[PDB]
Number of protein chains: 2
Amino acid sequence: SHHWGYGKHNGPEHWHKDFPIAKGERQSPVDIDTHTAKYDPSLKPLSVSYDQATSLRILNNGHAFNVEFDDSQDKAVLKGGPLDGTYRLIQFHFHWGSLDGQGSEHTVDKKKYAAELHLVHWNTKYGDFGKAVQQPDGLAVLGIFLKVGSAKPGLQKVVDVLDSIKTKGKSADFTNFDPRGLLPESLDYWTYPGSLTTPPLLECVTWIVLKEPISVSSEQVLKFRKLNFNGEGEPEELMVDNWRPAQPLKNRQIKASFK
Amino acid sequence: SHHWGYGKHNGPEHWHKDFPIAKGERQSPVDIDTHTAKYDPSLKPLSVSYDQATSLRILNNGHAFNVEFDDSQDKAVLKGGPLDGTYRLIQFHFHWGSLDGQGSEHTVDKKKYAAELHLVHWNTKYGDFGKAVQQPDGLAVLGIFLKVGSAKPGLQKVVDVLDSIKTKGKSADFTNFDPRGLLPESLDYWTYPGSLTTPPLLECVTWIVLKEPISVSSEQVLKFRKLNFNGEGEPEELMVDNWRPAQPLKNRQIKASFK
Ligand SMILES: [Zn+2]
Ligand SMILES: [Zn+2]
Ligand SMILES: [Zn+2]
Ligand SMILES: [Zn+2]
Ligand SMILES: [Zn+2]
Ligand SMILES: [Zn+2]
Ligand SMILES: [Zn+2]
Ligand SMILES: [Zn+2]
Ligand SMILES: [Zn+2]
Ligand SMILES: [Zn+2]
Ligand SMILES: [Zn+2]
Ligand SMILES: [Zn+2]
Ligand SMILES: [Zn+2]
Ligand SMILES: [Zn+2]
Ligand SMILES: [Zn+2]
Ligand SMILES: [Zn+2]
Ligand SMILES: [Zn+2]
Ligand SMILES: [Zn+2]
Ligand SMILES: [Zn+2]
């Protein structure tokens, strides 16, 4: 009851109590039905420029873990696609499950994936992250599905450091990470106007969800599930099933960048 | 810069940036000038009923440390004085300095004390703490000055447990504490309508500041100054000088319960 989370008492089901936007017109995530999400030839190609991405630190905030980036220049930026502007990378994080058969927030024809990677960018138009989240086109989030298969070499440096931030509030220096190690072979995508998938659930996100999932080993996802929602000294609550289920699409169109 | 505190960058001096109420009509603390704070015979005597006070836990929130109480019944209550209602004890905490010559928030004829004890109560009229802080008579805070002299036996159990919550976010079970061990010989007091002395600086507090200070040993206050503002693993910032200086009294009267 204390403040929001993913348990029986404080979960997605109950977020409408302190956040009436939870039942709003533009909520995320959604289910991407491939028969309705039609192709849009007006969509320009997406330009992911991460070659100068400068990571700083990894931390556990009690809700997931974030790798944070220097956002002071156009070092890691997101351009074109459905975006009018330059969007700087500020952090990324994951949502995952207690079983391989669940963990993703978005779904494709009702299929759930073992996890989902969210790379979070803010529109430089507004000046900083804080001002951007108060505008409907302030954020662009790039969402990537994880399936249990073979190991992702780009993910291993993250996994190695997870013991050092087991409990809420812990953090660590995490430099020279290259977020390109987490991208799939193709950048074909769906896009729709949405929201943050956690409180305050603000409807300020242009979603870009990649068609092609990345593969991670079962050994690597097991490492995610040893994390803790709780602080050190408090009772153990395993950080698992930290995902919001799909929401009503309502009067929105999911445009597709592909065939 | 990150979020508020007591350093050069984030201190009381700069709180007006995110909190315009900091320059409001009813801000606390104030200096109690004894020549103007006249006696009011209409003030009923103060009734401090702490015999059934049930403490639960002690924690470091990064700004000070709080001992928290069961507020579910009328076990520890504050009545009469300038209060119209029953006020339940929810927590207490301290503000102290880096030197014995400072640490208090309130002052008496410009004199500063080594520390100050704040016992925090909410009006049962409103139902819970959260609803109370949004009303001008929602909170009653009982403020007590500490001077460096001989040891306070009632304070020693708090001091013993301080090693176990050195850094921000740590907490511990803290049961069978009796807050009566921190009261002075006399309950003669000054009262005025004010605010929280930390953000969000809400103007919802009826202040009751006791005339008579309590004595604590230098050994006991040294133990306060080993605490840390920071979390575990972060760079060391000693939790000292965590006090707001005196504010303009403006169109307010400080009533005195005594001679
Ligand atoms: Zn339920
Ligand atoms: Zn409901
Ligand atoms: Zn379909
Ligand atoms: Zn590149
Ligand atoms: Zn939280
Ligand atoms: Zn996310
Ligand atoms: Zn470092
Ligand atoms: Zn290939
Ligand atoms: Zn393609
Ligand atoms: Zn530790
Ligand atoms: Zn200054
Ligand atoms: Zn200023
Ligand atoms: Zn005077
Ligand atoms: Zn009593
Ligand atoms: Zn804080
Ligand atoms: Zn205080
Ligand atoms: Zn316990
Ligand atoms: Zn005596
Ligand atoms: Zn008296």
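Each position is counted from 1, following the chain as shown.
Every residue gets a Cβ built from N, Cα and C, even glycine.
The following features are taken from Swiss-Prot:
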| type | residues | note |
| --- | --- | --- |
| ACT_SITE | B:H63 | active site, proton donor/acceptor |
| BINDING | B:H93, B:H95, B:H118 | Zn(2+) binding site |
| BINDING | B:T197, B:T198 | substrate binding site |
| DOMAIN | B:2-258 | domain 'Alpha-carbonic anhydrase' |
| MOD_RES | B:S1 | N-acetylserine |
| MOD_RES | B:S1 | phosphoserine |
| MOD_RES | B:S164 | phosphoserine |
| MOD_RES | B:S171 | phosphoserine |
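Among the recorded positions B:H63, B:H93, B:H95, B:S164, B:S171, the ones whose Cβ sits under 8 Å from a Cβ of chain A are, in sequence order, B:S171. Under the DSSP three-state reduction, B:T198 (substrate binding site) is assigned to coil, being neither helix nor strand. The Zn(2+) site is defined by B:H93, B:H95, B:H118, and by the 8 Å test on Cβ atoms against their centroid, the other residues of the chain that qualify are B:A64, B:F92, B:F94, B:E105, B:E116, B:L117, B:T197. Ligand 18 lies within reach of none of the recorded positions B:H93, B:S164, B:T198, judged by a C-beta closer than 6 angstroms to any of its atoms. Reported as a whole number, the C-alpha separation between B:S164 (phosphoserine) and B:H95 (Zn(2+) binding site) equals 19 Å.
Comparing B:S171 (phosphoserine) with B:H93 (Zn(2+) binding site), their Cα atoms are 14 Å apart once rounded. Proximity of B:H93 (Zn(2+) binding site) to non-local residues of its own chain (separation of 6 or more, Cβ distance below 8 Å) is seen for B:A64, B:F65, B:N66, B:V67, B:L117, B:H118, B:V120, given in sequence order. Geometry remark: B:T198 (substrate binding site) versus B:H95 (Zn(2+) binding site), CA distance 11 Å. Cβ neighbours within 10 Å of B:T198 (substrate binding site), excluding its own Cβ and spanning all shown chains: 22.
Shown in sequence order, B:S28, B:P29, B:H95, B:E105, B:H118, B:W243, B:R244 are the residues of the chain, 6+ apart in sequence, with a C-beta less than 8 angstroms from the C-beta of B:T197 (substrate binding site). B:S1 (N-acetylserine) falls within neither a helix nor a strand when secondary structure is assigned with DSSP, and so counts as coil. Most Cβ neighbours within 10 Å among the recorded positions B:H63, B:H95: this distinction goes to B:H95. Cα of B:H63 (active site, proton donor/acceptor) to Cα of B:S1 (N-acetylserine): a distance of 15 Å.
Screening the binding-site residues B:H93, B:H95, B:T197, B:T198 for a C-beta under 6 A from any atom of ligand 6 leaves none. It is B:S1, among the modified residues B:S1, B:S164, B:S171, whose Cβ has the fewest other Cβ atoms within 10 Å in the structure shown.
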